[PDB]
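Quick notes on the structure that follows.
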Amino acid sequence: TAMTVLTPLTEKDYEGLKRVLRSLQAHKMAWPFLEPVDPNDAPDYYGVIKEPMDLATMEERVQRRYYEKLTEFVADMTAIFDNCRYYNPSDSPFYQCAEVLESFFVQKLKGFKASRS
């Protein structure tokens, strides 16, 4: 509840983060976010989007124990959805994927915070 802000992530916590990440990676609507955006697919993306993010980058960061607090992990995840909704139009498949996957992420996140306490 404020644990998210102040309590340093533990190894036990990281098992949970990995589980959440795996659940997102397995979601059928997560397909656009699995890997970094391909420049060939979206020629102007990396000029528009200043802080790109993707689930593989986050997998790497989880592996390296990059996050010290839950808020940092959550901010990285939110960057994915925000980037998506900013770059794509509201009637795009990508945009829809962002909506679904973010609601899913919130459900899982609540799960994790509850398990944490």
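Counting from 235, one number per residue, gives the positions in the sequence shown under the numbering used here. Ideal placement from N, C-alpha and C gives every residue a C-beta, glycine not left out.
7 Å CB neighbourhood of residue i in its chain, flanking five on each side removed
i	result
residue 286	270, 271, 280, 317
residue 332	315, 318, 319
residue 293	255
Residue i, DSSP secondary structure in three states
i	result
residue 266	helix
residue 295	helix
residue 271	coil
Residues of its chain near residue i, where Cβ-Cβ distance is below 8 Å and the 5 sequence neighbours each way are ignored
i	result
residue 302	242, 243
residue 347	235, 237, 238, 304
Exposed unless 16 or more other CB atoms sit within 10 angstroms - verdict on residue i
i	result
residue 181	What the structure shows of the chain is the stretch from 235 to 351, and residue 181 is not part of that stretch, so it cannot be assessed.
residue 310	buried
residue 249	exposed
residue 325	exposed
Chain-order list of residues whose beta-carbon lies under 6 Å from that of residue i (same chain, five-residue window excluded)
i	result
residue 254	342, 346
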